[PDB]
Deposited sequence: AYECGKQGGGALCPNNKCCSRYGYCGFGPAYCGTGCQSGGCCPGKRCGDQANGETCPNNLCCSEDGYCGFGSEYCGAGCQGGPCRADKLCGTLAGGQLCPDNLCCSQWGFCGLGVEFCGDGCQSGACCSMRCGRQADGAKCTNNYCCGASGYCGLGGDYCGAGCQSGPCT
């Protein structure tokens, strides 16, 4: 019956809905207040240096203060995680499975994850006996067909390397 959070297999709610302390999605104090697990918590969840390096759920920005939110106060000056307004360099894996482009910037979409993708959620990164025993980055699994990814198709039967089974 649970929807989200520790009760719901780590799932997030859609459209910034807060995950209550009991693992259901909604807005208002019962969801976003004390115990809020993810979404638009109020106050924002603690993050970055102020929470042992934990990133914000739902790709919220981690403020200079170490709270999760959106707006200039969170994503602008002093932003330490999430979709900060500053370009994010990599080479230092991108946080939260963002793709490190060939040019060493973090992002998502084909410009980052496609041709030349170094690491993160790359579209099509080869591995295993199909790619000279090449290893996957980010501790992903090498699927039977020699593609890097996560989930049953890559970590399940036929898995060549990484955290198989």
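J.: In sequence order, name the stretches of the deposited sequence that have no C-alpha in these coordinates.
T.: 92-96 is the sole stretch of the deposited chain that has no C-alpha coordinates in the structure.
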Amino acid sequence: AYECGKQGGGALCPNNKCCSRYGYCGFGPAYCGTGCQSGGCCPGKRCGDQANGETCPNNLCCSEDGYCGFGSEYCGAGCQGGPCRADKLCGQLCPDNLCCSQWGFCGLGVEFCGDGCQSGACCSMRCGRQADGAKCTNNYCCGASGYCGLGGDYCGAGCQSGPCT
From here on, numbers count along this sequence of modelled residues.
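J.: Output the stretch having the higher mean C-alpha B factor in the entry; the candidates are 96-104 and 136-144.
T.: Between 96-104 and 136-144, it is 136-144.
J.: Could you check which stretch, 60-68 or 123-131, carries the larger mean CA temperature factor in the entry?
T.: Higher mean C-alpha B-factor: 123-131.
J.: For residue 37, return the chain-relative third of its C-alpha B-factor as stated in the PDB record: lowest, middle or highest.
T.: Bottom third by C-alpha B-factor.
J.: Would you mind ranking residue 155 by its C-alpha B-factor against the rest of the chain and naming the third, lowest, middle or highest?
T.: Answer is highest: the recorded C-alpha B-factor places it there.
J.: Among the modelled residues of its chain, does the C-alpha B-factor of residue 91 lie in the lowest, middle or highest third?
T.: Residue 91: CA B-factor falls in the highest third of its chain.
J.: Quick check for you: using the entry's CA B-factors within this chain, is residue 43 in the lowest, middle or highest third?
T.: It falls in the middle third of the chain.
J.: Would you mind ranking residue 53 by its C-alpha B-factor against the rest of the chain and naming the third, lowest, middle or highest?
T.: Highest third of the chain for residue 53's C-alpha B-factor.
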